[PDB]
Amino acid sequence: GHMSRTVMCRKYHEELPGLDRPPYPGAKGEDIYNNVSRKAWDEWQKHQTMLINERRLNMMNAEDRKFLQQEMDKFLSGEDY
């Protein structure tokens, strides 16, 4: 076995390995660090890539970012995505 920092994951409702550090500075980054598992975070990144490819999204387009931000919030909220 190994040693891992773990958190009660808001998405999966179970104790899982957490991130080693917040993904970025700020309140949102802190929320993710404290309440989102590494698995949930990784699964979100995979889903985000899928959405960007399937919808032809551009991170520099405000609407495309808004869409992704709305899906991320839903994805990591605790609800069934």
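The first residue of the shown sequence is 1; numbering continues from there.
Look at the mean CA B-factor for 72-80 and for 4-12 in the entry; the higher one is 72-80. When the CA B factors of the chain's modelled residues are split into thirds, the value for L57 lands in the lowest one. The deposited CA B-factor of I32 belongs to the lowest third of values across its chain. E63: CA B factor in the middle third of modelled residues in this chain (values from the PDB entry).
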